[PDB]
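Below sits a lone chain in structure tokens, taken as the form deposited in one PDB entry.
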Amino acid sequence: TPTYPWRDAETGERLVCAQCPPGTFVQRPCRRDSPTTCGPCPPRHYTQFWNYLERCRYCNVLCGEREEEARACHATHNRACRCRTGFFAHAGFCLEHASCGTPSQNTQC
């Protein structure tokens, strides 16, 4: 279990607080009384790692033309895009492979 330093909002006693697991975020920080409240990431948001964000990260990757969802927006990861079946990635552009071609690589004649 990871941990983080924090000073209390009521009366500022510096206490070591509990990190929130992937899928969650610090909804309320730990007190001298209670531990850290981890709330679940809301729709279209994620936390992939043990964190102490007070707000989940937004799924901010949209798939373009010549592109499909390689990975959906989960509460534990961002959305990811690969090229469509007709195309392969190169320099940032998803482009065609000329048969007489995997989303990662150009297959040859």
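Heads up, when I say rigid core I mean the largest set of C-alphas that superpose within 1.5 Å between the two forms. Residue numbers here begin at 1 and follow the sequence given.
The deposited sequence places no unmodelled residues between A91 and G92, so the chain runs continuously there.
Between 38-46 and 23-31, it is 23-31 that carries the larger average Cα temperature factor according to the deposited entry. As the entry records it, the average C-alpha temperature factor is higher for 80-88, out of 50-58 and 80-88.
Absent from the display: the form deposited in another entry. The rest refers to it.
Annotation for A9: C-alpha shift of 2 angstroms or more between the shown form and the other one, rigid core superposed.
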